[PDB]
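Single-structure report; data block below.
Computed from heavy atoms alone, side chains included, the values below leave out hydrogens, waters and symmetry copies. Positions are given from 1, in the same order as the sequence printed here. One-based numbering, in listed order, for ligands and for the atoms of each.
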Amino acid sequence: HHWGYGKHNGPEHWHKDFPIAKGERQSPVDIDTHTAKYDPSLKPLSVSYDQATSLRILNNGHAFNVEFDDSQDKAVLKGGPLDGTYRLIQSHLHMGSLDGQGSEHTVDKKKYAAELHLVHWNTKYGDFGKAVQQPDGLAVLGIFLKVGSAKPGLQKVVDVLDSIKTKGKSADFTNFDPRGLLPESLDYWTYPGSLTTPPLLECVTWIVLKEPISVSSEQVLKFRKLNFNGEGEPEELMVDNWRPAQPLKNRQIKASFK
Ligand SMILES: [Cu+2]
């Protein structure tokens, strides 16, 4: 019924309800490190996540989510390919069923265990709603996740996952710090893209970080136990909720690093 990631409602079906699914700037895409090119005009990336603004954590049937207070500029994104200030409004995790898959964007065909997305909107549009209606309304920072050492900033979250196991559930969480999710390096690739889930609006400036972060298998496994389904329904594990790479058409992927 509702769009999804199954065989009967997965990505390859979306185009029937959202013709833009076959647009000219769809995400995610595969990053060919030796096709993408350094762009000397890109300014430095500014990830000012000083004042934490996390509010809720929830299961919306599509993925694990975190909502932030976007009333002020307490967590914004500036610099890089961006013109203006972009406000962080939410974050979600794309998880795989196996350690070898999960990420939406790929690097030279390589898939990661998962991909985190931090969504920000151009504060020049009044609100999120009017932003997505614009080509330069969104800025999504994508962060790759590989299995290994445990990520501290994720434990506290992983500890209360059972409180949002099924769709429609949510738990207050003012404890979430998007700083604890960032890798050491802020090198990235940027390209004009879209949302990776319906409506698939082509309103996104993508900033994918080259350096992945590590998470333990315990943390991963706990994320693989969320459910696509609601309470009192046949269990459907929330895994492989990622859209495969889309045609780059002839878009240019730029590197922030030489
Ligand atoms: Cu996403």
**Asked** So with a 6.0 Å cut-off around CD of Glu231, is the heavy-atom count from everything else above 12?
**Response** no

Listing protein N, O or S under 2.8 Å around the Cu ion (ligand 1) gives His92 NE2, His94 NE2, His117 ND1

| message | Looking at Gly230, is its backbone amide N or carbonyl O close enough to the side chain of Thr166 to form a donor-acceptor pair, meaning the two atoms are under 3.5 Å apart? | response | no

Partner of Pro178 under side-chain contact (heavy atoms from CB on, under 4.5 Å), picked from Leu88, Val47, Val66, is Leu88

Exercise. Should the ring pair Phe144 and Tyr112 be called parallel, tilted or perpendicular, given that the plane angle runs from 0 to 90° and is split at 30 and 60?
Worked result: parallel

Practice item. Describe, in one word, how the ring planes of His62 and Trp3 are oriented to each other, choosing from parallel (under 30°), tilted (30 to 60°) and perpendicular (over 60°). Key: tilted

| said: Could you walk me through whether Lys210 and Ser185 satisfy the side chain to side chain donor-acceptor pair (under 3.5 Å) test, starting with their C-alpha distance in whole Å, then the side-chain angles of each, then the deciding distance to 0.1 Å, before giving a yes or no? | reply: CA-CA 8 Å; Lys210 170 221 68 243; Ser185 174; 3.1 Å; yes

